[PDB]
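To begin, one chain is listed below as structure tokens, in the form deposited in one PDB entry.
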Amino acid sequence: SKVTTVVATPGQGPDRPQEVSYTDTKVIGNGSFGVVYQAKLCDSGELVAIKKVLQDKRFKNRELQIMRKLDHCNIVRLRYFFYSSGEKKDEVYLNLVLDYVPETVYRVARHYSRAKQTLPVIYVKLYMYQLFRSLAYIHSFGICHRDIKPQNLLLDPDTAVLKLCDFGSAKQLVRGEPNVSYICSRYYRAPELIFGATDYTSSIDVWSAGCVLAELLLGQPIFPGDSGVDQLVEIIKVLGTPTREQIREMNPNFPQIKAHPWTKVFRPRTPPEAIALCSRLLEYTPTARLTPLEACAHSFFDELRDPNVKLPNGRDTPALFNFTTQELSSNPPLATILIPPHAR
């Protein structure tokens, strides 16, 4: 019954520290960033995640400032943050107390591939829709995630709620200010980033999302490259060689191969609207890619807007159409498609 009590500021609302008590601490994740724990809150009994990262006193933490201003059903809420000691001697650690979610897209996708099965397309629709909705929301603040990958996409297996969680690579993209090119997980990295682009946009997340979509359809990563130029070689094998104009659009500042047909890339009987969506995300030209809100309105997701749609377990789908004023503001016309007649 070992209770840890800390003094923590709530993620939203006034800067008034309060006592937060928790127990049953266990490791659920780690990385170069640091460590993620699971814990149980003493009062409520609810499970939480505690992300612990190393922190400097003078410089302000970017992830924290990003996470505090996000409030969305497809993003893990920052419940509280607090400072502590850890593995090092004279070092302060930032702790982010977040919503807990019991599964990941990676784990579900791997569990299916271990059984030689493709994930049922209803789950592909549900998870990809919720990813794009979360991206639209964060992109409305000018925030780019910069690390969309199956490992970071959290899942409740019973409700099929998807949640974004890792904002350790995230950044407000200002037009004119340069950004690092070596970002995102390699297999999900936009080709402009491989070309060394420093003036890139939020469309890198859409490319990454497209790689996740393709992976869910294929049962394995679409572009499993080695480091350096070889990741671009993996992309070229499907997309064909990029033209001089496509390179200029990617990085304004060669091995010539024909594009493999999108139908031949995917399995027999992969839904044409899945393939169609994928071809409009995995585009060389970053401006040619769908926006996240355009992606949500794509016909691949029409089954989600059917009033008789259910999860495989027989439950109702999660909240997909409760779009706020803030969500709709980036492209208000799409509200017609996105909020279907029965949800109005």
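Start at 1 with the first residue shown and count on from there. We call the rigid core whatever largest set of C-alpha positions still superposes within 1.5 Å between the two forms.
One more form of this protein should be noted, the form deposited in another entry, which is absent from this view; the next part is about it.
With the rigid core aligned between this form and the one not shown, the listed residues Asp306, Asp316, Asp56, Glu46 include just one Cα displaced by at least 2 Å, namely that of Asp56.
The Cα position of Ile66 differs by less than 2 Å between this form and the one not shown after fitting on the rigid core. Core-superposed comparison between this form and the one not shown: CA of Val35 displaced by 2 Å or more.
Compared with the form shown, the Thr198-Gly34 C-alpha separation increases in that other deposited form, the change being 3 Å or greater.
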